[PDB]
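Heads up: the structure comes next, in structure tokens.
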There are 2 protein chains.
Amino acid sequence: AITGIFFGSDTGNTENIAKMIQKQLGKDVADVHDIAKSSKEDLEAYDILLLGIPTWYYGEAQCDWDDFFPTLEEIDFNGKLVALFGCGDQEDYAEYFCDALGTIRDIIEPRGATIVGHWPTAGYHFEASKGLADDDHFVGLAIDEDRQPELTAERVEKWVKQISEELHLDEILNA
Amino acid sequence: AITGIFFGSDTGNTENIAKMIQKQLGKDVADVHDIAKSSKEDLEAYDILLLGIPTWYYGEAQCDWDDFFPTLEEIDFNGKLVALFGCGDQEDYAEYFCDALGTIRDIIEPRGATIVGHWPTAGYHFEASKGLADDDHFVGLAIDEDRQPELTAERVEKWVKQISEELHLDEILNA
Ligand SMILES: Cc1cc2nc3c(=O)[nH]c(=O)nc-3n(C[C@H](O)[C@H](O)[C@H](O)COP(=O)(O)O)c2cc1C
Ligand SMILES: Cc1cc2nc3c(=O)[nH]c(=O)nc-3n(C[C@H](O)[C@H](O)[C@H](O)COP(=O)(O)O)c2cc1C
Ligand SMILES: [Ca+2]
Ligand SMILES: [Ca+2]
Ligand SMILES: [Ca+2]
Ligand SMILES: [Ca+2]
Ligand SMILES: [Cl-]
Ligand SMILES: [Cl-]
Ligand code: NA
Ligand code: NA
Ligand code: NA
Ligand code: NA
């Protein structure tokens, strides 16, 4: 498949988003992988990567992703298209809201990743986040199953539609 | 007092150890501070520091210490003597046992700290630790209240006695 979805998850929320995204892109278009069982080679096997990472323990990367970080740093993302997604709690962790999105961005961006999927901070109620691209945009899709679960369906659909356009899955696959 | 004990604690175990140490050394020899309520100056004020830090979320520094790290990195430890102590769970986190001891050591040692208080790994059963000083010594006192609470009383007493000798408290005060 042209797209490789790699995720990390402790309670299943980001695991579910990864599967919602694949279901929307079609399993023929996207492969789903748990970073916990993944290799450096798995990521290098795709030129379009969708990385899902929730934030835990006050601004930390999900443990499995944290374990993989030294390996991710060895990869060259120059020539690769990457979109980011992850979950967080904007009420209990208002000052660490989806920080991991910025942490992983800090790894793949300097290494060449062409990132697509920036998402507006509008509609969210948080105080601080390391996962911002600019003043009013997260660097990727921020999902909150604890405080705004009612908005997940709508959020995933538009973001997937959005990144398909930015990735041009229309042309790459058939045009 | 000449000795400043700075601890960070989530469930109070490291706080407990900090108080045992102060009590054994005597309040007139050591002060106790919670890192979450301390400033850069609070630490700089001492030439003998005992830093207590438990390891959480798979090898991560206790959240308050983690928040303080940037500040800790801008402290000159040249001329200061330091001892490290902390808690961990060697069974549920055998691959990350007391990793935070190594993490804080990695910050202070390059910044000139003279570390005392290395502790033998004998009697502990874990798979990996970033808190090692060498093959068979942790860089500081490792306490396990979850799996080896029956060893805590003696471990602390012996370690306090050890660093007292290493620090030369018998002389430093009036000899
Ligand atoms: C102990 C704990 C700490 C958390 N820390 C953070 C945090 O620092 N920042 C954040 O945005 N959300 C935080 N969260 C919320 C989680 O990221 C959220 O529940 C998410 O949906 C988990 O995704 P997962 O199932 O993929 O692991 C934390 C959750 C718990 C229970
Ligand atoms: C969810 C969780 C994660 C933990 N992660 C680690 C770890 O990575 N390494 C370790 O040695 N101990 C780990 N522990 C054990 C704690 O460090 C230990 O219980 C310690 O006594 C807590 O000290 P505190 O009370 O000062 O915060 C963890 C405990 C829990 C509940
Ligand atoms: Ca943190
Ligand atoms: Ca609501
Ligand atoms: Ca970790
Ligand atoms: Ca006890
Ligand atoms: Cl992190
Ligand atoms: Cl850390
Ligand atoms: Na694999
Ligand atoms: Na491929
Ligand atoms: Na951190
Ligand atoms: Na880490």
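Per chain, numbering begins at 1; letters A, B, ... match sequence-line order. No hydrogens, no waters, no symmetry mates; every other heavy atom, side chains included, goes into these values.
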* Connected hydrophobic set around A/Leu51, excluding itself, where side chains approach under 4.5 Å -> A/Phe6, A/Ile35, A/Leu43, A/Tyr46, A/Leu49, A/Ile53, A/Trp65, A/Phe68, A/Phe69, A/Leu72, A/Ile75, A/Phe77, A/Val82, A/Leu84, A/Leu101, A/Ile104, A/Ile107, A/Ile108, A/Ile115, A/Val139
* To do: Go through A/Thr55 and A/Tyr93 one step at a time and tell me if the side chain to side chain contact (heavy atoms under 4.5 Å, CB included) criterion holds.
  => CA-CA 9 Å; A/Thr55 304; A/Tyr93 301 89; over 6 Å; no
* Asked: Is the closest side-chain donor-acceptor distance between A/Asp66 and A/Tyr57 under 3.5 Å?
  -> no
* **Evaluation steps, side chain to side chain contact (heavy atoms under 4.5 Å, CB included), between A/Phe97 and A/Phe138** => CA-CA 10 Å; A/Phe97 191 57; A/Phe138 287 120; 3.5 Å; yes
* **Pair A/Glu154 + A/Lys158: basic N to acidic O under 4.0 Å** => no
* In Å and rounded to the nearest 0.5 Å, what is the CD to CG distance from A/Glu44 to A/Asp47? -> 10.0 Å
* Is any side-chain heavy atom of A/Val156 closer than 4.5 Å to a side-chain heavy atom of A/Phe85? -> no
* To do: State plainly whether the residues B/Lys161 and B/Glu165 are in salt-bridge range, i.e. N to O under 4.0 Å.
  => no
* Worked verdict on A/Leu167 versus A/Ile172 for side chain to side chain contact (heavy atoms under 4.5 Å, CB included) -> CA-CA 8 Å; A/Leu167 296 161; A/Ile172 293 187; 5.7 Å; no
* **Cluster check B/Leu151, B/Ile143: I/L/V/M/F/W/Y, side chain < 4.5 angstrom** => no
* Asked: Can A/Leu141 be reached from A/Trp56 by stepping across I, L, V, M, F, W or Y side chains whose heavy atoms are under 4.5 Å apart?
  -> no
* Do the non-hydrogen side-chain atoms of A/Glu15 and A/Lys19 ever get within less than 4.5 Å of each other? -> yes
* Structure fact -> Rounding to 0.5 Å, atoms CD (B/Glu60) and SG (A/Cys63) come to a distance of 9.0 Å
* Group every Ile, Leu, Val, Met, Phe, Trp and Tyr by side-chain heavy-atom contacts under 4.5 Å, then state whether A/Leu173 and A/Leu25 land in the same group. => yes
* If we ignore angles and hydrogens, is there a donor and acceptor under 3.5 Å between the side chains of A/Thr103 and A/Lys130? -> yes
* Asked: Do you know which two heavy atoms are closest between A/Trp119 and A/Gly140, and how far apart they sit?
  -> CB-O, 3.5 Å
* **B/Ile17 CD1 to B/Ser9 OG distance, which is reported to the nearest 0.5 Å** => 9.5 Å
* Rounded to the nearest 0.5 Å, what separation is found between the CG atom of B/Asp136 and the CG atom of B/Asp134? -> 5.5 Å
* Please tell me if the side chains of A/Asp92 and A/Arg147 come closer than 4.5 Å, counting only heavy atoms from C-beta onward. => yes
* Check step by step if side chain to side chain contact (heavy atoms under 4.5 Å, CB included) holds for B/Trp159 and B/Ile21. => CA-CA 9 Å; B/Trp159 185 79; B/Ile21 303 171; 3.8 Å; yes
* Roughly how far, to the nearest 0.5 Å, is the CD atom of B/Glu157 from the CD atom of B/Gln24? -> 5.5 Å
* Distance-only, no hydrogens or angles: does the B/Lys27 side chain make a donor-acceptor pair with backbone N or O of B/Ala1 under 3.5 Å? -> no
* **By ring-ring contact (aromatic ring centres under 6.0 Å, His included) - contacts of B/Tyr96 (at least two apart)** => B/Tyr58
* Any donor-acceptor N/O pair, B/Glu166 side chain to B/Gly117 backbone, under 3.5 Å -> yes
* Asked: Quick one: CG on A/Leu81 to CD1 on A/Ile48, what's the gap to the nearest 0.5 Å?
  -> 5.0 Å
* Looking only at heavy atoms, which two atoms of A/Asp99 and A/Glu95 are closest? And how far apart? -> OD2-O, 4.2 Å
* Can you name the closest pair of heavy atoms from A/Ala100 and A/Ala61 and give their distance? -> CB-CA, 3.9 Å
* Asked: Is B/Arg155 positioned over the aromatic face of B/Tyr124, cation under 6.0 angstrom from the ring centre and no more than 45 degrees off axis?
  -> yes
* For residues 30-42 of chain B, which residue pairs qualify under salt bridge (charged side-chain N to carboxylate O under 4.0 Å, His left out), counting only residues two or more places apart or in two chains? -> B/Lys40-B/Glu74
* **Closest approach of A/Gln62 to A/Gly8 (non-hydrogen atoms, all atoms of both residues)** => OE1-CA, 3.3 Å
* For B/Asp144 and B/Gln90, indicate whether the former's side chain and the latter's backbone hold a donor-acceptor pair under 3.5 Å. => yes
* To do: Measure across A/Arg105 and A/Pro110 and return the closest heavy-atom pair with its distance rounded to 0.1 Å.
  => O-CD, 3.7 Å
* What are the two closest non-hydrogen atoms of A/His118 and A/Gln162, and how far apart are they? -> O-OE1, 3.0 Å
* Structure fact -> Exactly one candidate in A/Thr14, A/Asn13, A/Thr152, A/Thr11 meets side-chain hydrogen bond (donor to acceptor under 3.5 Å, both in side chains) with A/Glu145; the answer is A/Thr152
